[PDB]
Amino acid sequence: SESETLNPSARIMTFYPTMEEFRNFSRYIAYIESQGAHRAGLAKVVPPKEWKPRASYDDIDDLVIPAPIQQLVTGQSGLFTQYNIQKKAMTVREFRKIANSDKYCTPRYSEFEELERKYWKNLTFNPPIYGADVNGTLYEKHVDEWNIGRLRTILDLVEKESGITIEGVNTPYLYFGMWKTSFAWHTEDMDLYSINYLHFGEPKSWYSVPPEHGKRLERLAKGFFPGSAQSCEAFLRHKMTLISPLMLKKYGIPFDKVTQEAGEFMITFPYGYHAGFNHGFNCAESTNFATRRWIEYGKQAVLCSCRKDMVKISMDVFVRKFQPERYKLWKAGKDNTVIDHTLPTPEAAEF
Ligand code: NI
Ligand code: NI
Ligand code: NI
Ligand SMILES: [Zn+2]
């Protein structure tokens, strides 16, 4: 098929839009899907050199991180579970001082591959603190291109129709990283897209599994964490499960890796599992968004059943507006639509 022939290896693509292509966010997402980018589950977008979301970051030392998290990781042989210990609130200044202190700072290395090895060898030692899930934005108010606080996708129909805001989902979160802080394997809530911008600092490294092969990763995880799988139908949404690339290779789980540098965007795609770690002191901004293609994913998303993860978006408004011919069938539990993960979103048609 046409869609199966684009990005058949499902490798992470990188894009360098001109400023004109960059100005319309939804349109460029459809463009990159027209090139097959979504099949990897993760794409890099390098914005125009001339583009900046903020003039400088010297004025945020006193910004409050209300709920920094000490990440205690337990496990062996490439399989781990991360436990969160909430610490007292601290300022960015205080967090940076700890991040760069001898106790916590990035180790010496040459090739990225050496640091990656250090991460997987040491992630259960000297537990770091992640300044995670901070409500806010570092964008200056007048930036209209790729502004994470107002992307103007159809996800906006949630708030527009019901008034409902979901922090970190249709509002932005900031993430202040230090060396060895991690994000465990997950797809987004409701299997949405996400956008992730690295404002400043040391890199953030990513792993991704193609959406068309996500079930393979799920089978592995349920097998190796049989307890969790008994207790929750979607325990990866707890964002506690870490799995090394050597473990993925040993069991034939397809994946790709990429390192995100300061001033680059990463896009995750519906049902794209991703995980990664920070190289050192840094700050990223993230939120979710949608396209028309997402609607079927939202209908079919398998949600956390154990109440640990509470985020649930009502799909009824999307099905009525965009799938009127299937609405009554869907309400009756008889909509057997199957997702073809290779297809690009319909807005991509013009390309
Ligand atoms: Ni394949
Ligand atoms: Ni994510
Ligand atoms: Ni297979
Ligand atoms: Zn659960």
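About the cut-offs
- Residues numbered from 1 in each chain as written, not as in the entry; some residues may be left out.
- Chains lettered and ligands numbered in written order.
- Heavy atoms only, no water.
- Buried < 20%, exposed > 50% of the residue type's maximum accessible area, 1.4 Å probe, protein only.
- Helix = DSSP H or I, 4+ residues; strand = E, 2+ residues; numbered from the N terminus.
- Arc of directions from axis to C-beta.
- Contact = heavy atoms within 4.5 Å.
- Pairing = 2+ DSSP bridges.
- Axes fitted to C-alpha atoms, helices over the stretch in contact; angles between N-to-C directions.

- Method information in the entry identifies X-ray crystallography as the source of the structure, with 1.7800 Å recorded as the resolution.

### A short note on helix α7 (residues 214–224)
Point 1. For α7, the set of buried residues is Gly214, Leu217, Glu218, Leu220 and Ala221. Angular distribution of buried residues about the axis of α7 spans 160°; they occupy a single face of the element. Facing away from the buried surface of α7 by more than 90 degrees, the exposed residues are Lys215 and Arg219.
Point 2. Considering only its buried residues, α7 is in contact with β9 (182–186), β11 (204–209), β12 (241–243), α9 (245–250) and β15 (273–278).

### Let's talk about the sheet that holds strand β13 (residues 256–260)
Point 1. Read across the open sheet, the four strands follow the order β9-β15-β11-β13; overall the sheet is antiparallel. Both outer strands of the open sheet, β9 and β13, are each paired with one neighbouring strand and no more. The mean angle between the axes of side-by-side strands here comes to 15°, regardless of whether they run parallel or antiparallel.
Point 2. Here β11 pairs with β13 via five bridges, running antiparallel. What sits directly across from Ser205, in β13, is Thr259.

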